[PDB]
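Read the single chain below, which is given as structure tokens and is the form deposited without the RNA.
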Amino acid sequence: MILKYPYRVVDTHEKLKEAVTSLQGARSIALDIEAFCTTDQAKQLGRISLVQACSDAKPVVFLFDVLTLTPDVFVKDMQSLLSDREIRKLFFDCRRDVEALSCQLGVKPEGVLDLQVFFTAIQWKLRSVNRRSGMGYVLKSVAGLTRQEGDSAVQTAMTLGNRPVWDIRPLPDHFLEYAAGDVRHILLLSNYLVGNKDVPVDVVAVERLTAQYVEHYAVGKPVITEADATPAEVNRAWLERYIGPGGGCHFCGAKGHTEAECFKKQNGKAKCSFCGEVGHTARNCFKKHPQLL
């Protein structure tokens, strides 16, 4: 259902006020950004072009045209809901987005939850894995969904990065569709990760871990020293402090997998040489030895 939310372009002051009114009623708001491609293709996001929002208060994806509205008009109406710690702001890897909000818009969001960090926290608690996984892998592992990929032309342009890409006005439909996709996926993901008994990590602990990332990356200037040893992982000391010791396989003792994934466990089960069933040996097989039925 969330996957079918339509988008609405917010590029006037009137539309901005209506969107803010909707978002103020939410408990959670999924957030994302489209920025100008940079010729350097540097860590810091380029000029903010869109901010995207999808909340649990209304079936819609808001595409805020910051370029058109201007950051000053956008921030003035969005600042308080972004600073409102009672409204959860959901991100999938918030690091560069937070830095762009701080540097370009002058705002530090409060009440952030990073769902990519959430998935890694689970991988840490269960397997001592601190790797960050991409959106497609997380959607499949958590929700079972195969992510529809963005328009390949939009993706090619961004990978080339020899032009801004997102400066074009009006935006073509497949650019707007591309821009709306991830915040749908983020709100959908929060349904599986937040308020779920079967998730082996407290949401509050991932809120505290995420807050370390917001504090590190919202400092009003470009971040030089990264929080993580490589871009594709989560600081191990932060995981130990907020999530706890890393886990491992209860069956063989190794880190990196769980007992449900353990090859030694499955391969070590008795397998009947006579009928092939797992769980009993041929000596105990009723089919081979009817004198046992």
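In this text, residue numbers run from 1 along the sequence as written. Residues that one form lacks are left out of the comparison. For the two forms, the rigid core is made up of the largest set of C-alpha atoms that agree within 1.5 Å on superposition.
Visitor: Higher average CA B factor in the deposited record is what I'm after, so tell me if that's 39-47 or 242-250.
Guide: Result: 39-47.
Visitor: Comparing 159-167 with 83-91, where is the mean C-alpha B-factor higher?
Guide: Stretch with the higher mean C-alpha B-factor: 159-167.
Visitor: Per the coordinate record, which of the options 207, 97, 110, 173 holds the highest CA temperature factor?
Guide: 173 has the highest C-alpha B-factor of those listed.
Visitor: Per the PDB entry, which option out of 216, 127, 197, 184 has the greatest Cα B factor?
Guide: Each of 216, 127, 197, 184 was compared by C-alpha B-factor; the highest is 197.
Visitor: When the modelled residues of the chain are sorted by Cα temperature factor, does residue 190 land in the lowest, middle or highest third?
Guide: Its C-alpha B-factor, which the entry lists for residue 190, ranks in the middle third among residues of this chain.
Visitor: Within this chain, which third does the Cα B-factor at residue 233 fall in: lowest, middle or highest?
Guide: Middle third.
Visitor: Against its chain's modelled residues, does residue 147's Cα B factor rank lowest, middle or highest third?
Guide: For residue 147, the deposited C-alpha B-factor lands in the highest third.
Visitor: Against its chain's modelled residues, does residue 261's Cα B factor rank lowest, middle or highest third?
Guide: Highest third, going by the recorded CA B-factors of the chain.
Visitor: Looking at the entry's B-factor column for C-alpha atoms only, identify whether residue 55 ranks in the lowest, middle or highest third of its chain.
Guide: Residue 55: CA B-factor falls in the middle third of its chain.
The following text describes the form deposited with the RNA bound, which does not appear among the structures shown.
Visitor: Would you say all of 135, 158 and 182 touch the RNA in the bound PDB entry, counting a heavy atom within 4.5 Å as a touch?
Guide: Yes: each residue has a heavy atom within 4.5 Å of the partner.
Visitor: Select, from the options 56-64, 22-30, 234-242, 249-257, the stretch whose residues sit within 4.5 angstroms of the RNA in the bound PDB entry by heavy atom distance.
Guide: Stretch with heavy atoms near the partner: 249-257.
Visitor: Could you check which residue among 74, 166, 124, 118 gets a heavy atom within 4.5 Å of the RNA in the bound PDB entry?
Guide: Of the candidates 74, 166, 124, 118, 166 is the one lying within 4.5 Å of the RNA in the bound PDB entry.
Visitor: Among the candidate residues 208, 85, 174, 131, which is the single one with a non-hydrogen atom no more than 4.5 Å from the RNA in the bound PDB entry?
Guide: By the 4.5 Å criterion, the partner-contacting residue is 131.
Visitor: Would residue 12 count as a contact of the RNA in the bound PDB entry, using a 4.5 angstroms cut-off between non-hydrogen atoms?
Guide: No, residue 12 stays farther than 4.5 Å from the RNA in the bound PDB entry.
Visitor: Test of understanding: in the bound PDB entry, would residue 1 fall inside 4.5 Å of the RNA by heavy atoms?
Guide: Although the RNA is absent here, residue 1 would stay clear of it in the bound PDB entry, with no heavy atoms inside 4.5 Å.
Visitor: Does any heavy atom of residue 281 come within 4.5 Å of a heavy atom of the RNA in the bound PDB entry?
Guide: Judged by the heavy-atom cut-off of 4.5 Å, residue 281 is in contact with the RNA in the bound PDB entry.
Visitor: So in the bound PDB entry, does residue 69 come within 4.5 Å of the RNA, heavy atom to heavy atom?
Guide: Residue 69: no contact with the RNA in the bound PDB entry.
Visitor: Quick one: name the residues from 191-205 with any non-hydrogen atom within 4.5 angstroms of the RNA in the bound PDB entry.
Guide: Heavy-atom contacts within 4.5 Å come from no residue here.
Visitor: Report the residue, chosen from 258, 68, 39, 44, for which the CA moves 2 Å or more between this form and the one not shown after the rigid core is overlaid.
Guide: None of the others reach 2 Å, which leaves 39.
Visitor: Does residue 280 move its CA by 2 angstroms or more between this form and the one not shown when the core is aligned?
Guide: Yes: residue 280 shifts by at least 2 Å between this form and the one not shown.
Visitor: Superposed on the rigid core, does the Cα of residue 231 end up 2 angstroms or more away between this form and the one not shown?
Guide: Moves: no, less than 2 Å.
Visitor: If we fit on the core, is the Cα of residue 15 displaced 2 Å or more between this form and the one not shown?
Guide: Not so; residue 15 is displaced by less than 2 Å.
Visitor: Say whether the C-alpha atoms of residue 40 and residue 232 sit closer together or farther apart in the bound PDB entry than in the form shown here, given that their separation changes by 3 Å or more.
Guide: Closer, not farther.
Visitor: Lining up the core, where do at least three residues in a row all have CA moves of 2 Å or more between this form and the one not shown?
Guide: After superposition, residues 39-41, 266-293 shift as runs.
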